[PDB]
Each structure stands twice: as C-alpha cells, then as structure tokens.
C-alpha cells in the first residue's frame, strides 16, 4: 500500500523529468538557430523528436521502447512513428498542456526575430 504509492510518485517524477528533457532538446535547437543567426523548421522538415540518440540511447537499443521518454512521446495525439517539434508542442496528453497555432517555421529576421519570439514562447513552458 505504502511502497506502491512510493513507486507511482517515482513514475510521475520520471514522466515529468522526460517532458522537461524534450523541452531541453527543443530549446537547444532553438539556441543553435539563434547562435548561427538562422531560422528553424518545426514541422516534418525540422528534427524528429522520436529519435533515441537525442536522449542517450543508441539506435538499435531495445530498452529505448521501455523508456519514460518514448512513453511520453508515443502516447500523444500527434504521434505517427515520427514526431515533429510542432507535433510535440501541440500534442496531448502532457503536463505543460498544448500550444495551438504555431507556424511550420520561424525564419531569421533582423528586427523582432521570430526565432527569438518562439524561444520565449517555448521557454515559458519549461516553467
């Protein structure tokens, strides 16, 4: 009864830690773009978030599928074997809710850079 309750709270903590990990991956693509005064695609032309290598697992590792990261990603509405940054951010269920009406890209501009505004929008969910 008590040791079972402990293990549910570890599973909740594992899932949150995974969600934060995905936001970290997204946020580091966004900073890579900002650094190279570059744009970022977040649709199917952008990165695939269902990729073992992003979270420490090698490509064919069978325990990838048992990971709390894959658990989160593969349970979303938007999952289809692959998962774009927009699919993840707009997908449910996850504890940061949803982001609707994001464009498929945020291109580098010289004034009010849309990459910068996206960085801020994404950063206000890791909070």
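Residue numbers count along the first chain shown, from 1.
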For the higher mean C-alpha B factor in the entry, choose 95 to 103 or 25 to 33. 95 to 103
Would you mind ranking residue 45 by its C-alpha B-factor against the rest of the chain and naming the third, lowest, middle or highest? lowest
Rank-wise, by C-alpha B-factor, drop residue 90 into the lowest, middle or highest third of its chain. highest
What third of the chain does residue 38 rank in for C-alpha temperature factor, lowest, middle or highest? lowest
Chain-relative CA temperature factor third for residue 73: lowest
How does the C-alpha B factor of residue 56 compare with the rest of the chain: lowest, middle or highest third? lowest
